[PDB]
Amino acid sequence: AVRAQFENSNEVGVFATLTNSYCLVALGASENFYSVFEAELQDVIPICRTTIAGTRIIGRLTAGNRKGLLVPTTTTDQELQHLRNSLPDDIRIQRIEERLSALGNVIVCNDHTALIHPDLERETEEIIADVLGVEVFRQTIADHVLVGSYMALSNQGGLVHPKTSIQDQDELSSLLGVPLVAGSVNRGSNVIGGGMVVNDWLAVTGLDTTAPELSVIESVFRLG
């Protein structure tokens, strides 16, 4: 696992989206952000440097997996055309209306399953399942409804808010079919989905993440 920082913020998951088939990175200063992803991913999967709705908040505004990418209704035609040009031709890229919070705060997904905020509209849940090609469950994490902020998930493992009970960890693990643990990033932050991104072979965490936290990440995501 590696470390990165975007314009002085260690909240890597707010400014990037990483899947098993592509990576999105906020437009901005290359140093210790795009460069980190490129050093690990060069050739392997494409990296798209993008804005979303004209902003740099591109991880928090999107949700995606290796099959599909959900973006807000305010994503521009420029941005959609650029995403489509950079990403594999079989990715389904869809604008979606979702008013509870930012998209990336209300969904956490891998290539098989998504957990969502329990109050999303039924139509929203249908579009998520269709575009991402996943089974969907309404869930909370450590009593939080903004599940995308509080979990990071791949097909290999997941990391949840450090206060998640062991009973809830076991329930979520069994539902997802992957090992889970509770832990922190960025030197004790519980905003796991904000602080890191992950796919089946790479994790990128904020710069303050400590050695024990990186060790937990490497183990549960099967990165070593």
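From 1 onward, residues are counted along the sequence shown.
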Mean temperature factor over C-alpha atoms, higher-scoring stretch between 28 to 36 and 156 to 164: 28 to 36
Where do the C-alpha atoms have the higher mean temperature factor in this entry, in 41 to 49 or in 179 to 187? 41 to 49
Selection by C-alpha B-factor (highest) of 106, 127, 109, 80: 127
If you rank the chain by CA B-factor, which third does residue 215 end up in: lowest, middle or highest? highest
What third of its chain's C-alpha B-factors does residue 64 belong to: lowest, middle or highest? middle
Taking the entry's C-alpha B-factors for this chain, is residue 87 in the lowest, middle or highest third? middle
Can you tell me whether residue 1 has a C-alpha B-factor in the lowest, middle or highest third compared with the other modelled residues of the same chain? highest
Per the entry's values, where does residue 140 land by CA temperature factor relative to the rest of its chain, in the lowest, middle or highest third? highest
